[PDB]
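Contents: one structure, followed by commentary.
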Amino acid sequence: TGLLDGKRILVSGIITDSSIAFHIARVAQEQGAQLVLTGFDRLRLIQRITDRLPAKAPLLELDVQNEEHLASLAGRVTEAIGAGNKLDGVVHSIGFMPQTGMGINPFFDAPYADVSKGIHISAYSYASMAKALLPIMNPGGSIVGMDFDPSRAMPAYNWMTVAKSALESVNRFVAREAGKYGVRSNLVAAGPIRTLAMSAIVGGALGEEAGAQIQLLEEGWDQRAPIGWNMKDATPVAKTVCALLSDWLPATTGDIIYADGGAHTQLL
Ligand SMILES: NC(=O)c1ccc[n+]([C@@H]2O[C@H](COP(=O)([O-])OP(=O)(O)OC[C@H]3O[C@@H](n4cnc5c(N)ncnc54)[C@H](O)[C@@H]3O)[C@@H](O)[C@H]2O)c1
Ligand SMILES: CC1(C)CCC(Cc2cc(O)c(-c3ccccc3)c(=O)[nH]2)CC1
């Protein structure tokens, strides 16, 4: 028997087969969960991607900045799962920052208008999704969001670090709301993952020093992690997410779970 047998789970922000969301999806189904997937904007591409998943599952459209999408969602989900049916889990794997708040671009020259859009999509949306979907969520349910450890600062990550810092604060407040419905809210702080965009950056595309800064990070991370860190293997992150969506961490809300091979616990 699977781990999430007959749980119903919403899963956001799939865009490629290297997206973490995709691997969460994959493992989720492997355990036997019925999924509902949202996508943003290029629904047509995302449709092609989601077809490679163990089982097919409904694709709804959701731009977290679109107010109506948020409004209409609560229903659109219940539609695709059948009325008198509730969700046992939502997964937030959304994030965005303009290239002024990330990469080689100096920290100071990011115009607030840029930064804000970032925080809107990367941290605010977490409460948005939780507001939309809490109503239709079963007791013992789970909310899970994607996070990169922002408690220290580092090169390149710039304003996104702030967005992540924001996000960990939002999460603790959602935890409060979620509690009313008997729902948990947590974040998975993950080590770096070799996604499409990340490898592109390791090839002039975000700069030259940028490629060198990514590489430095990735390598220190593996060296610090007492059980190592394979940037290419996104499975153990997904596995972790699924453990939070399971019934096996029932006493753990408002919190951060570290899938980083233990890096953040080691100085050198
Ligand atoms: N990249 C990493 O190594 C890493 C590490 C830890 C945490 N994270 C976090 O995990 C999440 C996903 O990372 P990823 O590597 O899968 O990147 P990704 O680009 O594959 O996923 C981000 C998703 O957000 C979606 N998105 C963008 N703007 C949106 C909007 N306005 N409304 C709704 N959706 C929108 C995109 O369609 C995309 O599918 C992000 O929250 C990211 O910060 C990433
Ligand atoms: C610190 C460093 C130079 C920059 C990125 C990090 C990890 C990381 C987190 C992160 O949230 C993202 C991200 C940003 C926007 C949209 C989707 C994903 C990322 O690409 N990489 C790995 C290296």
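Chain labels A, B, ... are given in the sequence in which chains occur in the structure tokens; within each chain residues are numbered consecutively from 1, and ligands are likewise numbered from 1 in the order shown.
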Please report, as JSON lines, each residue of chain A lying at most 6 Å from ligand 1, together with the nearest pair of atoms and the separation in Å rounded to one decimal; use only C-alpha atoms and all ligand atoms, and order rows by chain and ascending residue number.
```
{"residue": "A:13", "atom": "CA", "partner": "ligand 1", "partner_atom_place_in_ligand_line": "39 (O)", "distance": 3.4}
{"residue": "A:14", "atom": "CA", "partner": "ligand 1", "partner_atom_place_in_ligand_line": "39 (O)", "distance": 4.0}
{"residue": "A:15", "atom": "CA", "partner": "ligand 1", "partner_atom_place_in_ligand_line": "39 (O)", "distance": 3.9}
{"residue": "A:19", "atom": "CA", "partner": "ligand 1", "partner_atom_place_in_ligand_line": "20 (O)", "distance": 3.6}
{"residue": "A:20", "atom": "CA", "partner": "ligand 1", "partner_atom_place_in_ligand_line": "16 (O)", "distance": 4.0}
{"residue": "A:21", "atom": "CA", "partner": "ligand 1", "partner_atom_place_in_ligand_line": "16 (O)", "distance": 5.6}
{"residue": "A:40", "atom": "CA", "partner": "ligand 1", "partner_atom_place_in_ligand_line": "34 (N)", "distance": 4.8}
{"residue": "A:62", "atom": "CA", "partner": "ligand 1", "partner_atom_place_in_ligand_line": "33 (C)", "distance": 5.8}
{"residue": "A:63", "atom": "CA", "partner": "ligand 1", "partner_atom_place_in_ligand_line": "32 (N)", "distance": 3.7}
{"residue": "A:64", "atom": "CA", "partner": "ligand 1", "partner_atom_place_in_ligand_line": "32 (N)", "distance": 4.2}
{"residue": "A:65", "atom": "CA", "partner": "ligand 1", "partner_atom_place_in_ligand_line": "31 (N)", "distance": 5.4}
{"residue": "A:93", "atom": "CA", "partner": "ligand 1", "partner_atom_place_in_ligand_line": "11 (C)", "distance": 4.1}
{"residue": "A:94", "atom": "CA", "partner": "ligand 1", "partner_atom_place_in_ligand_line": "24 (O)", "distance": 3.6}
{"residue": "A:95", "atom": "CA", "partner": "ligand 1", "partner_atom_place_in_ligand_line": "41 (O)", "distance": 3.9}
{"residue": "A:96", "atom": "CA", "partner": "ligand 1", "partner_atom_place_in_ligand_line": "27 (C)", "distance": 5.4}
{"residue": "A:121", "atom": "CA", "partner": "ligand 1", "partner_atom_place_in_ligand_line": "31 (N)", "distance": 5.2}
{"residue": "A:146", "atom": "CA", "partner": "ligand 1", "partner_atom_place_in_ligand_line": "10 (O)", "distance": 4.4}
{"residue": "A:147", "atom": "CA", "partner": "ligand 1", "partner_atom_place_in_ligand_line": "7 (C)", "distance": 4.2}
{"residue": "A:148", "atom": "CA", "partner": "ligand 1", "partner_atom_place_in_ligand_line": "6 (C)", "distance": 4.1}
{"residue": "A:189", "atom": "CA", "partner": "ligand 1", "partner_atom_place_in_ligand_line": "6 (C)", "distance": 5.8}
{"residue": "A:190", "atom": "CA", "partner": "ligand 1", "partner_atom_place_in_ligand_line": "6 (C)", "distance": 4.4}
{"residue": "A:191", "atom": "CA", "partner": "ligand 1", "partner_atom_place_in_ligand_line": "5 (C)", "distance": 5.6}
{"residue": "A:192", "atom": "CA", "partner": "ligand 1", "partner_atom_place_in_ligand_line": "3 (O)", "distance": 3.6}
{"residue": "A:193", "atom": "CA", "partner": "ligand 1", "partner_atom_place_in_ligand_line": "3 (O)", "distance": 3.6}
{"residue": "A:195", "atom": "CA", "partner": "ligand 1", "partner_atom_place_in_ligand_line": "15 (O)", "distance": 5.5}
```
Okay, now the selection with N, CA and C atoms, as a PDB file, in the first residue's frame?
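result-v2.pdb, freshly written:
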```
ATOM      1  N   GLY A  13       2.556  25.247  -9.673  1.00  0.00           N
ATOM      2  CA  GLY A  13       3.844  25.653 -10.246  1.00  0.00           C
ATOM      3  C   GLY A  13       4.694  24.632 -10.994  1.00  0.00           C
ATOM      4  N   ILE A  14       4.065  23.713 -11.730  1.00  0.00           N
ATOM      5  CA  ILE A  14       4.786  22.861 -12.685  1.00  0.00           C
ATOM      6  C   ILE A  14       4.996  23.662 -13.966  1.00  0.00           C
ATOM      7  N   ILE A  15       6.215  23.631 -14.490  1.00  0.00           N
ATOM      8  CA  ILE A  15       6.501  24.307 -15.746  1.00  0.00           C
ATOM      9  C   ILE A  15       7.431  23.482 -16.653  1.00  0.00           C
ATOM     10  N   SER A  19      11.177  20.923 -12.883  1.00  0.00           N
ATOM     11  CA  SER A  19      10.505  21.617 -11.790  1.00  0.00           C
ATOM     12  C   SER A  19      10.372  20.685 -10.601  1.00  0.00           C
ATOM     13  N   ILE A  20      10.580  21.227  -9.408  1.00  0.00           N
ATOM     14  CA  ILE A  20      10.422  20.452  -8.191  1.00  0.00           C
ATOM     15  C   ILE A  20       8.974  19.982  -8.068  1.00  0.00           C
ATOM     16  N   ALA A  21       8.034  20.858  -8.429  1.00  0.00           N
ATOM     17  CA  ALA A  21       6.609  20.531  -8.389  1.00  0.00           C
ATOM     18  C   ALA A  21       6.354  19.209  -9.108  1.00  0.00           C
ATOM     19  N   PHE A  40       0.476  28.065 -14.632  1.00  0.00           N
ATOM     20  CA  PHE A  40       0.418  29.495 -14.889  1.00  0.00           C
ATOM     21  C   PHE A  40       0.790  29.819 -16.326  1.00  0.00           C
ATOM     22  N   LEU A  62      -4.079  28.974 -12.911  1.00  0.00           N
ATOM     23  CA  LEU A  62      -3.957  29.832 -11.734  1.00  0.00           C
ATOM     24  C   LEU A  62      -2.747  30.747 -11.785  1.00  0.00           C
ATOM     25  N   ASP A  63      -3.018  32.033 -11.965  1.00  0.00           N
ATOM     26  CA  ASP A  63      -2.029  33.085 -11.803  1.00  0.00           C
ATOM     27  C   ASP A  63      -2.326  33.740 -10.459  1.00  0.00           C
ATOM     28  N   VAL A  64      -1.439  33.548  -9.487  1.00  0.00           N
ATOM     29  CA  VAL A  64      -1.684  34.017  -8.118  1.00  0.00           C
ATOM     30  C   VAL A  64      -1.823  35.537  -7.968  1.00  0.00           C
ATOM     31  N   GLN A  65      -1.421  36.285  -8.999  1.00  0.00           N
ATOM     32  CA  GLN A  65      -1.628  37.740  -9.034  1.00  0.00           C
ATOM     33  C   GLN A  65      -3.019  38.100  -9.561  1.00  0.00           C
ATOM     34  N   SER A  93       4.591  25.294  -4.832  1.00  0.00           N
ATOM     35  CA  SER A  93       5.930  25.314  -5.389  1.00  0.00           C
ATOM     36  C   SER A  93       6.048  26.452  -6.416  1.00  0.00           C
ATOM     37  N   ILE A  94       5.617  27.636  -5.993  1.00  0.00           N
ATOM     38  CA  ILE A  94       5.663  28.842  -6.814  1.00  0.00           C
ATOM     39  C   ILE A  94       6.744  29.808  -6.308  1.00  0.00           C
ATOM     40  N   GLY A  95       7.407  30.471  -7.250  1.00  0.00           N
ATOM     41  CA  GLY A  95       8.385  31.506  -6.944  1.00  0.00           C
ATOM     42  C   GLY A  95       8.786  32.269  -8.191  1.00  0.00           C
ATOM     43  N   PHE A  96       9.017  33.569  -8.036  1.00  0.00           N
ATOM     44  CA  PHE A  96       9.531  34.401  -9.130  1.00  0.00           C
ATOM     45  C   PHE A  96      10.245  35.646  -8.618  1.00  0.00           C
ATOM     46  N   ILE A 121       4.256  37.109  -5.833  1.00  0.00           N
ATOM     47  CA  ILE A 121       4.228  35.747  -6.365  1.00  0.00           C
ATOM     48  C   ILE A 121       4.891  34.724  -5.433  1.00  0.00           C
ATOM     49  N   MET A 146       7.448  25.674  -0.853  1.00  0.00           N
ATOM     50  CA  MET A 146       8.870  25.538  -1.148  1.00  0.00           C
ATOM     51  C   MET A 146       9.704  26.738  -0.708  1.00  0.00           C
ATOM     52  N   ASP A 147      10.862  26.452  -0.122  1.00  0.00           N
ATOM     53  CA  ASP A 147      11.663  27.445   0.582  1.00  0.00           C
ATOM     54  C   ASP A 147      13.164  27.196   0.391  1.00  0.00           C
ATOM     55  N   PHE A 148      13.935  28.280   0.282  1.00  0.00           N
ATOM     56  CA  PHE A 148      15.408  28.227   0.303  1.00  0.00           C
ATOM     57  C   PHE A 148      15.941  29.061   1.483  1.00  0.00           C
ATOM     58  N   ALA A 189      12.497  23.593   3.227  1.00  0.00           N
ATOM     59  CA  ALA A 189      13.697  24.294   2.839  1.00  0.00           C
ATOM     60  C   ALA A 189      14.632  23.276   2.216  1.00  0.00           C
ATOM     61  N   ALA A 190      14.890  23.458   0.930  1.00  0.00           N
ATOM     62  CA  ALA A 190      15.576  22.464   0.124  1.00  0.00           C
ATOM     63  C   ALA A 190      16.947  22.958  -0.282  1.00  0.00           C
ATOM     64  N   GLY A 191      17.908  22.043  -0.391  1.00  0.00           N
ATOM     65  CA  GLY A 191      19.213  22.376  -0.968  1.00  0.00           C
ATOM     66  C   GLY A 191      19.031  22.745  -2.429  1.00  0.00           C
ATOM     67  N   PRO A 192      20.087  23.260  -3.088  1.00  0.00           N
ATOM     68  CA  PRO A 192      19.883  23.729  -4.468  1.00  0.00           C
ATOM     69  C   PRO A 192      19.532  22.564  -5.368  1.00  0.00           C
ATOM     70  N   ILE A 193      18.671  22.812  -6.355  1.00  0.00           N
ATOM     71  CA  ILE A 193      18.258  21.756  -7.284  1.00  0.00           C
ATOM     72  C   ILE A 193      18.539  22.138  -8.730  1.00  0.00           C
ATOM     73  N   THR A 195      17.708  22.541 -11.775  1.00  0.00           N
ATOM     74  CA  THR A 195      16.584  22.682 -12.693  1.00  0.00           C
ATOM     75  C   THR A 195      17.022  23.233 -14.043  1.00  0.00           C
TER      76      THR A 195
END
```
Neighbour list for range 165-179 of chain A as a list in words, cut-off 9 Å, only C-alpha atoms, skip fewer than 5 positions in-chain: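 Result of the neighbour search: residues 119, 122, 123, 124, 126, 127, 130, 131, 134, 142, 143, 145, 147, 148, 149, 150, 151, 160, 184, 185, 186, 187, 253, 254, 255 and 256 of chain A.
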With DSSP run on the backbone, what are the strand (DSSP E) residues within range 49-224 of chain A? I'd like them as number ranges by chain. A: 59-61, 87-92, 137-147, 184-190
Suppose we keep C-alpha atoms; can you now write the selection as an mmCIF file, in the first residue's frame?
```cif
data_model
loop_
_atom_site.group_PDB
_atom_site.id
_atom_site.type_symbol
_atom_site.label_atom_id
_atom_site.label_comp_id
_atom_site.auth_asym_id
_atom_site.auth_seq_id
_atom_site.Cartn_x
_atom_site.Cartn_y
_atom_site.Cartn_z
ATOM 1 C CA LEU A 59 -5.003 20.911 -15.059
ATOM 2 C CA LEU A 60 -6.653 24.135 -13.805
ATOM 3 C CA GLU A 61 -5.212 27.590 -14.548
ATOM 4 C CA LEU A 87 -8.728 18.261 -0.490
ATOM 5 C CA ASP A 88 -6.307 16.644 1.955
ATOM 6 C CA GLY A 89 -3.307 18.628 0.680
ATOM 7 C CA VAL A 90 -2.107 21.708 -1.172
ATOM 8 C CA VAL A 91 1.456 22.128 -2.424
ATOM 9 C CA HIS A 92 2.915 25.529 -3.142
ATOM 10 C CA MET A 137 -9.886 21.179 3.041
ATOM 11 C CA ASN A 138 -10.392 18.115 5.187
ATOM 12 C CA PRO A 139 -9.460 17.803 8.887
ATOM 13 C CA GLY A 140 -5.899 16.478 9.301
ATOM 14 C CA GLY A 141 -5.007 18.108 5.947
ATOM 15 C CA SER A 142 -1.635 19.620 5.030
ATOM 16 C CA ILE A 143 -0.185 22.712 3.363
ATOM 17 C CA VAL A 144 3.402 22.657 2.137
ATOM 18 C CA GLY A 145 5.439 25.405 0.473
ATOM 19 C CA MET A 146 8.870 25.538 -1.148
ATOM 20 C CA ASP A 147 11.663 27.445 0.582
ATOM 21 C CA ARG A 184 -1.084 21.990 9.068
ATOM 22 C CA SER A 185 1.171 24.489 7.263
ATOM 23 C CA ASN A 186 4.870 23.897 6.721
ATOM 24 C CA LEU A 187 7.722 24.764 4.446
ATOM 25 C CA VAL A 188 10.377 22.503 2.954
ATOM 26 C CA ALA A 189 13.697 24.294 2.839
ATOM 27 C CA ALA A 190 15.576 22.464 0.124
#
```
So the first atom is CA of residue 78 in chain A and the second is CA of residue 181 in chain A; what is the distance between them in Å, to one decimal place?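 Distance between the two atoms: 17.0 Å.
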So how many Å separate CA of residue 239 in chain A and CA of residue 37 in chain A, to one decimal? 17.9 Å
Near residue 22 in chain A, within 9 Å and counting only C-alpha atoms, which residues show up once chain neighbours fewer than 5 positions away are dropped, as a ChimeraX atom specification? /A:11,13-17,27,49-50,53,238
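One distance worth recording is that between CA of residue 30 in chain A and CA of residue 125 in chain A, which is 27.7 Å.
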Within 9 Å of residue 223 in chain A using only C-alpha atoms, minus same-chain residues under 4 positions, as JSON, numbers by chain: {"A": [218, 219, 228, 229, 263, 268]}
Would you mind exporting N, CA and C atoms of the selected residues as a PDB file, in the first residue's frame?
```
ATOM      1  N   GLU A 218      26.820  25.280  -4.857  1.00  0.00           N
ATOM      2  CA  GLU A 218      26.486  23.872  -5.039  1.00  0.00           C
ATOM      3  C   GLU A 218      27.532  22.943  -4.451  1.00  0.00           C
ATOM      4  N   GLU A 219      28.790  23.354  -4.545  1.00  0.00           N
ATOM      5  CA  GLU A 219      29.887  22.514  -4.125  1.00  0.00           C
ATOM      6  C   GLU A 219      30.170  22.563  -2.646  1.00  0.00           C
ATOM      7  N   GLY A 228      25.783  14.201   2.139  1.00  0.00           N
ATOM      8  CA  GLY A 228      25.978  14.634   0.767  1.00  0.00           C
ATOM      9  C   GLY A 228      24.764  15.303   0.178  1.00  0.00           C
ATOM     10  N   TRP A 229      24.938  15.908  -0.991  1.00  0.00           N
ATOM     11  CA  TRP A 229      23.842  16.567  -1.671  1.00  0.00           C
ATOM     12  C   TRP A 229      23.992  16.496  -3.180  1.00  0.00           C
ATOM     13  N   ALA A 263      22.972  20.311   5.522  1.00  0.00           N
ATOM     14  CA  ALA A 263      23.929  21.379   5.242  1.00  0.00           C
ATOM     15  C   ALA A 263      23.841  22.524   6.252  1.00  0.00           C
ATOM     16  N   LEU A 268      31.354  23.961   8.225  1.00  0.00           N
ATOM     17  CA  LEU A 268      32.385  23.628   7.245  1.00  0.00           C
ATOM     18  C   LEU A 268      32.524  22.118   7.035  1.00  0.00           C
TER      19      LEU A 268
END
```
I'd like the neighbourhood of residue 55 in chain A as a VMD selection string, where a residue qualifies if any of its atoms comes within 9 Å (using only C-alpha atoms), though same-chain residues fewer than 3 positions away should be ignored. chain A and resid 26 29 to 30 34 to 35 50 to 52
Mind checking which residues fall within 10 Å of residue 213 in chain A, counting only C-alpha atoms, ignoring those fewer than 5 positions away in the same chain, and posting them as a PyMOL selection string? chain A and resi 103-104+154-157+201-202+207-208+218
Residues near residue 211 in chain A, anyone? I mean within 9 Å using only C-alpha atoms, not counting same-chain ones fewer than 6 positions away, as a PyMOL selection string. chain A and resi 199-205
May I ask which of the residues A:196, A:97, A:115, A:206 is the closest one to ligand 2, counting only C-alpha atoms and all ligand atoms?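 Once distances to ligand 2 are computed over only C-alpha atoms and all ligand atoms, the minimum belongs to A:97.
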Using only C-alpha atoms, which of A:264, A:105, A:237, A:243 sits nearest residue 152 in chain A?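 Among the listed residues, the smallest separation from residue 152 in chain A belongs to A:264.
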Distance criterion (only C-alpha atoms and all ligand atoms): nearest to ligand 2 out of A:212, A:259, A:225, A:234: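 Comparing A:212, A:259, A:225, A:234 against ligand 2, the winner is A:212.
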